[PDB]
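Input: a single structure, listed below in C-alpha cells.
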Amino acid sequence: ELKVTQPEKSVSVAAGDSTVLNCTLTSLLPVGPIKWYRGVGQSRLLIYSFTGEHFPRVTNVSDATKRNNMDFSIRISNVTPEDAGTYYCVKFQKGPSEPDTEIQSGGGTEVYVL
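For reference, each letter of the sequence shown is one residue, going 7 to 120 in the entry's author numbering.
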C-alpha cells in the first residue's frame, strides 16, 4: 500500500529560525517525482522537487545519497513570514509523457511563523 506520511501538526517557528518538514513513503513504486507544495488550488506553489530518474526512458537508476531511501524531508532555512502555510508532500507517477500525474499525497504540515 503506497502511503505518504507527514506529521499531523503545526510547527510554530520564529522568523529567522529554520525547520525541517518530514515526509516518508511506504514504497518507491510506481516510479516518479515527489514534490512539495504550499497552499491550495490548481496554482498551489511548487516549493521543492525530488525528480529522480528519467523514467521510463531509464528504469534502473536511483538516488544513492539518502540516510533512508523512503525519506523526502526538506529544510526551510531562515523561515520568513511568507513561508507560513500548509505544506504537502505529493507523489507523482512519471508516465510516458509529461505532465506528471499525482497519485498520492501526505495530509499536510502547517508552518506558523510567530
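Backbone N, C-alpha and C define an ideal beta-carbon position, used for all residues, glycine too.
Less than 7 Å separating the beta-carbons of residue i and residue j?
i    : j    : result
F78  : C29  : yes
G114 : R44  : no
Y118 : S16  : yes
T25  : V19  : yes
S33  : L8   : yes
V85  : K41  : no
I82  : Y54  : no
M76  : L120 : no
Which whole-angstrom value describes the C-beta separation of residue i and residue j, a residue pair presumed to lie in contact below a C-beta threshold of 8 Å?
i    : j   : result
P102 : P39 : Wrong, their Cβ atoms sit about 15 Å apart, outside the cutoff.
What would DSSP say about residue i, mapped onto helix, strand or coil?
i   : result
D77 : strand
According to DSSP, which residues form a beta bridge with residue i?
i    : result
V17  : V117
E108 : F98
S55  : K41
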